[PDB]
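>>> sequence-free structure coming up:
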RNA sequence: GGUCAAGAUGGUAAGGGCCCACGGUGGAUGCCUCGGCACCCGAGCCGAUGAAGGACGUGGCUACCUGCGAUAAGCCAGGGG
RNA sequence: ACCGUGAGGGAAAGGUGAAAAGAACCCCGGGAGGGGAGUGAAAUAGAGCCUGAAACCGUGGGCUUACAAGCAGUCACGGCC
RNA sequence: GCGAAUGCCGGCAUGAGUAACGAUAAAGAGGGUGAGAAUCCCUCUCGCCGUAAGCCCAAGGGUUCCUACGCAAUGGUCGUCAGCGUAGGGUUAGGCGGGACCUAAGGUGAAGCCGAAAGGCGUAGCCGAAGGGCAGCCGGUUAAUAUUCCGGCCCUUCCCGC
RNA sequence: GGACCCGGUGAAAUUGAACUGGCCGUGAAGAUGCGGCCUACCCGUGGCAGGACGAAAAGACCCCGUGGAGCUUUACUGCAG
RNA sequence: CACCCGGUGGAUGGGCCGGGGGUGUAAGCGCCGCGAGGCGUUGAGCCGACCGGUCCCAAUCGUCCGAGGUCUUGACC
């Protein structure tokens, strides 16, 4: 059926992961956004 | 005279309903074979709520036999709101309409 | 079809072994005649007869067991070598008035 | 695909009325052969074994 | 006392409609608080002597909440008790 | 908590009592749950257990129902209660 | 100050005890346990696979795995059964796989190069894999592990001495 | 193989409400509910589609808002090059 | 569902049994040919509901409900 979910450790991870977000302006942005703003955890945390 | 009961009773209030609506107001011992040898579920149950009934009395509510069921009833409540196939999109839940079960046992 | 038989089969089988089982109304009502019929063959008793009876049942032990064993205990009567008796209760959820049947004895 | 569905709140009244023709009817049972008690009109039981032959237990 | 002939009212409810009494189911409601909201006076910087924020972590006996983190419900010194 | 791969979205859910004194024991029962005793000012205050309304499902009773039309009904006259 | 906005939120009735049991690869019998078993355990007939409805390596999911207790709800019926509950316990490697080695794409990126700022590019070097490379195998052994645990047989790299 | 009878489970959109007959007439001009009339007991289950202008969706075809969005050239202007 | 006939003083199911109908002479042994087979026994064998016998089998035993005879007038015994 091929949905769109097949997760890929390697993938998903990579792609998304503390770092990256960081590395980025943007990413970083929102991130520290989320952080306070909301609490929670985060991607990679995932 | 005395009485038996029990809520949080999983079952078709309705169905149940037929149950008594039979053995209903009648000789103890007597129906005590109705539900013993009748059919549809509930029975089993129904039976039960007749024994702690006949009991309770004689025991703490007192003259055996000469007894019966001046009256018997069942109520629904608590539901069991149950989830089913998302309209293949939106949820469709039924409800095993919990089931109460009171029933009298007074002496002739 | 292939199922009607099968049944009669294993039922006919099992039974002869005990000679009175527990299947529902019908089920029994039939396993009778047949099984029954079969009997009447153990009675015939011989090359042929046996070559049939077995033909279905499939199994020396019995097959023989009955032809010799029981057969006799019956050599006299006129069919009926079975007494299909209904039963008092009923399998649950269901509510099927099962029943029991045996080789009239 | 709901071509046809009710069209007007069924009316408790009626509704039930419907559910009306329904009703039970206690097992016609009789009384023991010698088993003494009430059995399923025509059968032995956890009281019998008899009928005419002891084909049961207890 | 019987028979025919006619003539008109009643009881019987499977369930049902209204009224009454007693439950059940459901939580409106009133009053209430360890919480907000709002405005005014106080205050006003943290950071490598690796912050803010998490990670996995100890309680004798365990997920969570907590306070710390390895010298983990705490180790020193002084004031209050 | 939960749908979203992500950025992001984002709920519901408070209330026994003066304090537990939170129901030892005996009963039908596989139990849950129901019958007694005991706390008690009251437990139809009893463990999601203050107030706990309606809708909606029950159990009995009064009246009523089988040549009859309209959600409705409201005006008249009659019998049962 | 509310019927009333296909209104929002919550409950609650409808149709309705009719519609559905997720492939027409079927079963049935005897015994056993249990409060209670068409739906559990043993056993004997029977049907369906069989290129699968086989074992295996991966990826994904992570205790779901075993064992003793238990069924309130999840199991579109039961249910003493469970890939459900609680409790305890289980998966060990110089040589198998990943790293302690190598680079293409690509990504980073001291120097260098250009942006209003955030930034862009980017050498060498580095990151980067079932591509390269690398030293073992067969049997036994528990409720679960196993090329790791047993044992029998086969080896590799580093170090000190001569 | 469902459907039907049994047992176990047990939804779903739409719906003001309703005990909802035909006629020929009518009204906003294609009425079970309004008029006259004729048939007309109370309920149900297995069905058969016609009417309830049945369900789905605030017509996509239409026009109307000096609504919007895409492509076009000797439309207006303006920028990139 | 209602509807019809029967409920062991029964023939109602099945069973058996004769009878029909139906498939084309069976399983075995036999005798011919190296074999394949054939020819025989043998119109055999086997037979699902069709016509009818016989209490082998199985409709045992049991319950429940059910009338009484509403009011007036008159016509006759």
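Sure, I can see it. Numbering: from 1, shown residues only, chains lettered A, B, ... in the order given.
>>> Point out the residues in chain C that sit beside RNA strand I.
C:32-34, C:36-37, C:40, C:47-48, C:51-52, C:77-86, C:104 (Cβ under 7 Å from any atom of the strand). C-beta coordinates here come from the backbone N, C-alpha and C atoms, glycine included.
>>> 6 Å instead?
Within chain C, the positions adjacent to RNA strand I are C:32-33, C:36-37, C:40, C:47-48, C:51, C:77-84, C:104 by Cβ under 6 Å from any atom of the strand.
>>> Whichever of these end up buried, select them in ChimeraX.
Remark: buried members of the residues of chain C next to RNA strand I, expressed as a ChimeraX selection using 16 or more other Cβ atoms under 10 Å in any protein chain shown:
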select /C:32,36,40,81,82,84
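>>> Kindly provide the distance from residue D:14 to residue D:2.
22 Å (Cβ to Cβ, to the nearest Å).
>>> of those two, who's got more company?
For residue D:14 versus residue D:2, the count of surrounding residues by other Cβ atoms under 10 Å in any protein chain shown is larger for residue D:14: 10 against 4.
>>> what's near enough to touch that one?
By Cβ atoms under 8 Å, 6 or more residues apart in numbering or on different chains, no residues touch residue D:14.
>>> Kindly report the residues of chain B close to RNA strand F.
Residues of chain B found near RNA strand F (Cβ under 6 Å from any atom of the strand) are B:2, B:4-8, B:13, B:21, B:48, B:51-52, B:55-56, B:59-61, B:71, B:73-76.
>>> give me that answer again for 7 Å
Checking chain B against RNA strand F by Cβ under 7 Å from any atom of the strand, the hits are B:2-9, B:13, B:17, B:21, B:24-25, B:48, B:51-52, B:55-56, B:59-61, B:71-76.
>>> quick one, strands of chain B?
In chain B, the strands defined using DSSP state E lie at B:2-4, B:72-73, B:102-105.
>>> contacting residues around the first one?
In other words, strand B:2-4. In contact with strand B:2-4 (Cβ under 8 Å, 6+ apart) are residues B:49-53, B:56-57, B:60-61, B:101-106.
>>> Given it, what are its sheet partners and their directions?
If you go by DSSP bridges, strand B:2-4 pairs up with strand B:102-105 (antiparallel).
>>> re earlier: pull out the buried residues from the residues of chain B next to RNA strand F.
Counted by 16+ other Cβ under 10 Å, those give B:2-4, B:9, B:13, B:17, B:24, B:52, B:61, B:72, B:74, B:76 as buried.
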